[PDB]
Amino acid sequence: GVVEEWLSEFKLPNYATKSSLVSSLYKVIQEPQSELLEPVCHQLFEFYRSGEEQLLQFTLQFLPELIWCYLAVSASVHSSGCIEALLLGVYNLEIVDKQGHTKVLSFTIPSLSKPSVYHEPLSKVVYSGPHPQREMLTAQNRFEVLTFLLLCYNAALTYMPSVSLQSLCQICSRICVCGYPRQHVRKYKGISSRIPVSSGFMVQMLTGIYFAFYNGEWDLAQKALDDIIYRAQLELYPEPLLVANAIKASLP
Amino acid sequence: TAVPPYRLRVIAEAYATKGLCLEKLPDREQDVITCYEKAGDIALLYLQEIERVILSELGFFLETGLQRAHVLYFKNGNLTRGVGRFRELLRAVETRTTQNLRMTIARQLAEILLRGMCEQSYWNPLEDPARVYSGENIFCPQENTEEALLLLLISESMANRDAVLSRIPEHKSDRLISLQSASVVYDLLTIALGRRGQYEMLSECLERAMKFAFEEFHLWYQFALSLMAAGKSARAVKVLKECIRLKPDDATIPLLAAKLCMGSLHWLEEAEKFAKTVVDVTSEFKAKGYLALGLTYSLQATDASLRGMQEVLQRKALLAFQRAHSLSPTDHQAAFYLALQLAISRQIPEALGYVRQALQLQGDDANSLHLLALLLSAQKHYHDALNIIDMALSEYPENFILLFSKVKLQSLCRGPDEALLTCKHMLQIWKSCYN
């Protein structure tokens, strides 16, 4: 119960910089049968008011595990419904709360004809934003905010340790195979249902998995890629199939 | 400056001899690092002098002695030093004789700049984390994607002119090397560009690369998939047919061709041919082929003109649907489509049971709830259908067909005032959704 002592001693900027705090958090979050889930989630959300990155990055890496747990337990059972509050709040603060204005992600397209810095012989394109503020979760816009939050999580890949990558790969392996005989072949036990994923979510999933291929995790990433390509082939989704096919033929 | 070339030759020989002697034996490490640094500096001076003299043939020691340096830097983990060295290498004046090596380093940068850092781990080269090109009209890199796309574009443009044109008189090795280089650079380009959801320029680039492919499945398949994802149909269908001709082994390609044929293009015979080809050849694929054949038969039956063939096609579609259901009992889509097809023949209890089973498999489908309400309407139970439509509207408060069904049911059951209110709410929703 080290988390209890941490909460007691908590209730200045050098609070963070514990060796085994992440292990304790994973131990207490790996199952839903806990009694302090609500206060600890309140503290999780409170870790986000401060503008320093050393706390946001310290608390961001736990999202995939709780996302999987909430999306699997509910789709079956008691549901807390307070994790959706944290998800909606972080979505709102990442979509509006920067200085009072929204986010419009855009960049330019370099042209070879115009002389460049490295070579001599551009219209703005928006891929994300603006997103209207969301305050309730339904069965139509959930995947949009999930994809946006995953894209936000896929912005600081260097900082998180290998445990987060392993957990992400483990979740990715069985998230898209839960309702087919292939998971019976792979000998997975749990909820025998299916989840109607979207194309953009799988594309961001491929983007996330491709980085971990050369960072120690090899077999797990390969199996996850096989699951992704099998699911896309069965569901007839063009873009993830194209990306996976491109990735497959680029391995030594 | 003003140094005879033989002094450069003898000092290069001395550098090579020192490099050979250092490795052949089991602080001085800093001396070795400084020797490598001065070797790099004299290499820069040598390349500047040679480009000057040519501006007005065997590189054997400089290449290894300069590349293995940053190879060992990467082995130890001095990423910042290596990337800074690469940045200052790319700033040199281009040389026509070195273009090939340029390719390498450029591609190498494209390999590392996409998998080794994040946005907040980027810094301007002018601060810590002779003639040099400068000016104000130069394109200063802003993000990783920007400079990555720029490097890939220049590499592709410079590699197109160096193609061997598939000479193939008697030898094959050079063409194989060129094809491998083109394949890897185009794969890097498509993985870099496809992440942003920009497809048409990818189609254009694959069209440009189409010159090399003569009997290669990979390039044809990538081009077909990119074209189909872009939005074009006829070209996608033609390339799908060509890919089918090339290798008749898989079933995904004919299934995609049938899906495109059955789509907005509104063709039926080609979908039938593709479905028959699929069913001619595990167990899931043949079930999907049967489902596609049944859907095609139903669509053909809808647009008939006389009596008998309508019943014939309805019976054929029902047989195909029941065969598909028998081959695989763990898919809700097949059961839902079977119930929908059966409801046409007015056989109410059986369709109700089948749609109940489909709801049992999965009950979050909007189409399933809509079909359930529509079927309950035929049994003269208006309040139950009204509640079902209300719950469906609660789950999907921005649909259109469910709103029309609700308006019709309210007009038939409650009164005109509720229909007027629903219509004005629908007008308000439409006004809000558009401009």
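All residue numbers given for chain B refer to Swiss-Prot; the residues shown span 131-156, 167-196, 213-285, 310-461, 465-618 in order.
According to its header, the structure was obtained by electron microscopy, 3.5 Å.
In case you wondered, yes, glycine gets a Cβ from its N, Cα and C as well.
As annotated by Swiss-Prot, repeat 'TPR 2' applies to B:219-252. If you look up Swiss-Prot, you'll see B:363-396 marked as repeat 'TPR 3'. For B:397-430, the entry in Swiss-Prot reads repeat 'TPR 4'. Positions annotated as repeat 'TPR 5' by Swiss-Prot: B:479-514. Taken from Swiss-Prot, the feature repeat 'TPR 6' applies to B:516-548. Annotation source Swiss-Prot lists repeat 'TPR 7' at B:549-582.
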Close approaches to the repeat 'TPR 7' (B:549-582) from elsewhere in its chain (Cβ under 8 angstroms; 6 or more beyond its ends):
515, 519, 522-523, 526, 531, 534-535, 538, 541-542, 588-589, 592-593, 595-596, 612, 616
List the helix, strand and coil residue totals of the repeat 'TPR 2' (B:219-252) as derived from DSSP.
27 helix, 0 strand, 7 coil
For the repeat 'TPR 3' (B:363-396), find every same-chain residue at least 6 residues outside the stretch whose CB is under 8 Å from a CB in it, and list them.
263, 266-267, 270, 325, 328-329, 332, 335-336, 339-340, 343, 346, 402-403, 406-407, 409-410, 412, 426
For the repeat 'TPR 6' (B:516-548), how many residues does DSSP put in helix, in strand and in coil?
26 helix, 0 strand, 7 coil
Counting by DSSP secondary structure, give me helix, strand and coil numbers for the repeat 'TPR 7' (B:549-582).
27 helix, 0 strand, 7 coil
